[PDB]
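The chains referred to below are lettered A, B, ... by the order of the sequence lines, with proteins before strands, and numbering in each begins at 1. What you see below is based on every heavy atom in this structure, not just the backbone, and it leaves out hydrogens, waters and symmetry mates.
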Amino acid sequence: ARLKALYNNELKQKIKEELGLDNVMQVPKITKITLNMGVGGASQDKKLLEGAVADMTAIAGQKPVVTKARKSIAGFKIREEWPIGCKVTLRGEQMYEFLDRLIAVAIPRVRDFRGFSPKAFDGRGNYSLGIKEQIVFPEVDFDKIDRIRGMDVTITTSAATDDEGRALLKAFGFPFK
Amino acid sequence: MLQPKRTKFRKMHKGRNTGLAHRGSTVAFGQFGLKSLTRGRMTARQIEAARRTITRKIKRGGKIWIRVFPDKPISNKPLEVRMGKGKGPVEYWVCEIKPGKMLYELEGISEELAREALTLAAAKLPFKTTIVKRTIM
Amino acid sequence: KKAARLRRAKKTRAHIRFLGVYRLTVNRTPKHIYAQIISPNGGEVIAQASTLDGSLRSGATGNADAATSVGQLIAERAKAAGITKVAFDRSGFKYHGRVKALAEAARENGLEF
Amino acid sequence: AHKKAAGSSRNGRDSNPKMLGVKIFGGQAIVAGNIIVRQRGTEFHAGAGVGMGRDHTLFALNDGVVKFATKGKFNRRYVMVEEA
Amino acid sequence: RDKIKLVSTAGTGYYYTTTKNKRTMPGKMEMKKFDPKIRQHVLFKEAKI
Amino acid sequence: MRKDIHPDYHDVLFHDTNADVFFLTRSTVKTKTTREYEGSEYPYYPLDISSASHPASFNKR
RNA sequence: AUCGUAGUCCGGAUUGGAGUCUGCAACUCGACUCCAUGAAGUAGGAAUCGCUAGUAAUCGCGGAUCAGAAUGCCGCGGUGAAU
RNA sequence: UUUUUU
RNA sequence: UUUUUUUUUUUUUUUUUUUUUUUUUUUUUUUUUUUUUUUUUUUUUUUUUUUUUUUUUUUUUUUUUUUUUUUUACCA
RNA sequence: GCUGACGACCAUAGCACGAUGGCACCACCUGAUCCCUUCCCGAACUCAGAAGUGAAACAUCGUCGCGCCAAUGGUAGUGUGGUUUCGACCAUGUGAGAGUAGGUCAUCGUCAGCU
RNA sequence: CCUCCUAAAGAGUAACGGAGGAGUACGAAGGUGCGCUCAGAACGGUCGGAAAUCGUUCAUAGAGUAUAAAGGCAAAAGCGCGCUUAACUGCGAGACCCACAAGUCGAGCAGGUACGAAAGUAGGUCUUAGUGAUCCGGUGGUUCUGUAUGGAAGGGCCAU
RNA sequence: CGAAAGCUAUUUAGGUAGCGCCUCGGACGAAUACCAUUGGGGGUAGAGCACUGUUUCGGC
């Protein structure tokens, strides 16, 4: 990952000088990146989930895992332990490569993309963004496709504060505002 | 006609009303109170009658507090029914009153008229009553 | 996490204390590894061996070889302290690697468990 | 029966007694195998010298004297058999 | 649940007896039970009680 | 990383041809052609856009 | 020449923008032009209508009314059946 | 074969 | 009173097995007719008596009340 | 003096807030070849290590904000004997709960290491 | 038959007293080793909301426990994974309970195992309901008997 | 000398049986009772709202 080798040389010290931190262990870093896909309409066809798992595999470069229903809800017609989503978690080299790819290649491919909301942090430095169409990732090809799916990209960082989280995200080149 | 909302059990054991009212024996809400000197059951009909009397006498110019709530279901056997065959149905709700208990308090009104409103209310109640003022200790 | 490690050590600690035998407790850190033999009462250390010993303090501790040396040494100390039968206490560490090496050194150098 | 009041409410069931509770109290002599507590769940926990059966019966594992104590971080009631 | 024998394959005539849900287990079961006639653990096969 | 349960993950030379900027990054994509960078010949993937190229009346009449 | 059976290079409603004319005046409420959008519609239930030959069917072109405003009305010819 | 009324 | 039977669309009736609401007659709009019938096309239409309760989900499972039918309510 | 392991005890030991600690130790930490891990993930587990930091965690110290503990006195109840208007009362023996004054930022044991 | 209360702080204790359940389930929902921690709330996030899946922060349990209730449950008794058959055979010091007949708990010993690196743990399941004597008859075993003798029939003993 | 009108079971309920209670004989001999001091477990009377409910007033 080139972004990890760039953060370990330039971005860390730049973030420290920016936030005015008196200790190098205070500057934030991204701990993990989690890609999720709610396929709640599954357990009735169980082919939508197959396609979602394939899309997650191609997008992330890592075999994902099927997430079951933690409770039974009649309104969503779901019973316990029913496969209703897909998730993958990327750490270290895999997450740095994925985030570099997402910022460079894939994030300009969002249709009518003005920017990403800067108030979308949860309040502890972690960011979450939604991708309404999984074709913005070049890994998935337009010829063979099940349908148009979406995905959550949650960036979990070591920042404890909103402002530190967005400073760390913006140091990487994240498209904000 | 006060009555509990949903309750846990339909019917209750008789129990024993014994002891003094060490709790609820102080004018804690208004300035002026009607206190029980004897013990008994305060039926919900009696509560409502003594509340309507007090309200009609104070005439939307003062405030009344009721410190008794009928939460004890009292069963009765119907006429011409032999002993046994289960416990009778609930017919009314009482509060257990011990000597010392506040029953009603009044605030925001002349002492003379509050005295006579509580005196009118005591006539509907199955208790020897005294009329007390709110104290500091 | 030490809280989780002590949460997964407690079952073995309590079963050993019910058995009422001398127990060989281990404790490894990313730098050192310690071993001590506690009495059935639970509050007396009657033998110990760590990588803070002068023989292997100035050496490549934090290793499977250092764990083996510590196990070999506590086996001798238990042997010349009257202790032959202990119950092994991995202290919530997986029985593997450094802890396994220490246990095998102790088991091969006289202590029988 | 004039007011329609008396009617069906059928509950005249109850199970047989189970004879639970403390069998041997604190300070008493006890021989191994003697039952100390019959209980539902661990109202009392087995300390040193006493075992627990499949129905949470506490019994003496050895001879001695029965001791009750509250101990541990959960403030649990414990029964012990001390070699006295 | 219907009752069934688990009969030793050792030919001793020894059996254990148990119950079974024959809608969820539609095939003969076989466990390793102790045979007291040969003082050995052998395979006990399901039979008709 | 568990062995042989993950997809093929190899370095890919993405290239924004509008600004002619390269992005060397491991990815799951399988490109048809392969173009040589300063190092070896990586699977080459053209890009239409990337992070380098993406961004009174009464008086007049 | 092309499109090659697709809600499409079918269909052109509706909407956004910019204009031209007529007229004192185009908001209610004009007709056209241009660019963009691209709706229903894939042949239509019970039922029901016109037509016997230059007819039906289809294709354009004129006129009255009229400053402007026909898919209506009144006409004209072209191709041209089946029974 | 099955057509009531005004 | 008691024991059984139940209560669902406008009506009269079907469900139901915890994963849903039904014919028929209506009613509304069409169509045929000089016009109404009849007839033919379309449609709409259920707190499943109420009330606690269980369940992820109840018209359905438990409990209560309330209408309905029945069948009983005897000996001095 | 401090640190770590294992215990006693199980809030007067807790929570909250603030300060101090990196020579040993501990903790983060670096890497993932190897052992071993992940229904995906070196997150945790594991291994191989010391570039950095005491940031977090942890340990210690400080306090009364919360918690927790808590008298004395009185009251309620109560065994026995007596009386009673059945509420209770008397003699004797016991005696709460709640509340109040107040206390508390624990106290110890074994072993190892740095000073 | 089980759970709570009545039931008067050991046990027990009645009524056509007040409230509920049972007449099963499961070869894993048993054994072991290893590992894990719930419900809810708030914040952020594609469809996606009050509520699906994802991330964060609080959270001794406000969850779960096959089922009624009570008592229990962090060494979890709750939740996963691997291997397994101890849901073993012979028994059992000693106790609970008890008119009897029954019922309950049980360390330990021998044999054969299952899991664990091992100390060990395991004689079903968090427990307390899921049950029915004898007679009679059937079945799988067994040298015990075998009406003159040898067999056999029939009977006995063990299991069902 | 001296009860019982209890428990359990019962086609039982006004019968009967085992146990309890009475008597007689034998064995045993303080192992029994009372009181003082002392080791225990409890969830009752009282009390209380921390849980399950229920209740009134005020603020929100």
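Residues passing the salt bridge (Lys or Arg N to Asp or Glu O under 4.0 Å) test with C:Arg13, sequence neighbours excluded: C:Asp89. Judged as a side chain to side chain contact (heavy atoms under 4.5 Å, CB included), and not counting sequence neighbours, the contacts of D:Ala69 are D:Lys67, D:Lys71, D:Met80. Listed by chain and residue number, B:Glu105 satisfy the side-chain hydrogen bond (donor to acceptor under 3.5 Å, both in side chains) test with B:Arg67 (two or more places apart in sequence, or in another chain).
For RNA chain L, the span of nucleotides reached by chain D at under 4.0 Å from its heavy atoms goes, 5' to 3', from L:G39 to L:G42.
Residue D:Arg54 has a polar side-chain atom (N or O) positioned under 4.0 Å from OP1 or OP2 of K:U127. The side chain of D:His45 contributes no N or O atom lying less than 4.0 Å from OP1 or OP2 of K:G72. Side-chain N/O atoms of A:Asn126 include none lying less than 4.0 angstrom from OP1 or OP2 on K:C54.
Within the structure, every pair that satisfies the side-chain hydrogen bond (donor to acceptor under 3.5 Å, both in side chains) test and touches residues 25-43 of chain D, not counting sequence neighbours, is listed here: D:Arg38-D:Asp55, D:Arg38-D:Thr57, D:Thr42-D:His45. Within the structure, salt bridge (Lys or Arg N to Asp or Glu O under 4.0 Å) pairs that include any residue of residues 27-39 of chain C do not occur (at least two apart or interchain).
For B:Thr7 and B:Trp65, each mapped to the nucleotide of RNA chain L holding its nearest heavy atom, the one lying further toward the 5' end belongs to B:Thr7. Between B:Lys87 and A:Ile155, it is B:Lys87 whose nearest contact on RNA chain K lies nearer the 5' terminus. Nearer to the 5' terminus of RNA chain K, by closest-nucleotide assignment, is the contact made by B:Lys85 (compared with the other of D:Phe74 and B:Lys85).
Using a 4.0 Å cut-off on heavy atoms, the residues of residues 90-99 of chain C that approach RNA chain K are C:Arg90, C:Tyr95, listed by number. Contact check of residues 55-62 of chain D against RNA chain K (heavy atom, cut-off under 4.0 Å) returns D:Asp55, D:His56, D:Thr57, D:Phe59, D:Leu61.
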What does the list of N/O pairs under 3.5 Å between the protein and nucleotides 108-113 of chain J look like, with a distance for each?
| unit_1 | atom_1 | unit_2 | atom_2 | d |
| --- | --- | --- | --- | --- |
| J:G109 | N2 | C:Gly43 | O | 3.0 |
| J:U110 | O2' | C:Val45 | N | 3.2 |
| J:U110 | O2' | C:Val45 | O | 3.4 |
| J:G113 | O2' | C:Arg57 | NH2 | 3.4 |

Collect all protein-nucleotide pairs involving nucleotides 85-88 of chain K in which both atoms are nitrogen or oxygen and the distance is under 3.5 Å.
| unit_1 | atom_1 | unit_2 | atom_2 | d |
| --- | --- | --- | --- | --- |
| K:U85 | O2' | E:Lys32 | O | 3.2 |
| K:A86 | OP1 | E:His41 | NE2 | 3.1 |
| K:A86 | OP2 | E:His41 | NE2 | 3.1 |
| K:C88 | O2' | E:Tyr16 | OH | 2.7 |

Close N/O contacts between protein and nucleotides 100-102 of chain J (under 3.5 Å):
none

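Both tests do not hold together for E:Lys33 against E:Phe44: distance to the six-membered ring centre under 6.0 Å, angle to the ring axis within 45°.
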Mark up nucleotides 3-15 of chain K, 5' to 3', with B wherever a protein heavy atom is under 4.0 angstrom from a base atom, S wherever such an atom reaches only the sugar-phosphate, and - elsewhere. BBBB----SSS--
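The base of K:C58 engages K:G40 as a Watson-Crick or G-U wobble partner, both distances under 3.5 Å.
Distance C:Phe88 CZ to K:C34 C1': 15 Å, rounded to the nearest Å. Atom CZ in B:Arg23 sits roughly 16 Å away from atom P in J:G97 (whole-Å rounding).
Scanning atom types as modelled, no donor and acceptor separated by under 3.5 angstrom connect the side chain of A:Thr31 and the base of J:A43. A donor and an acceptor atom never sit less than 3.5 Å apart when one is taken from the side chain of C:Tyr34 and the other from the base of J:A5.
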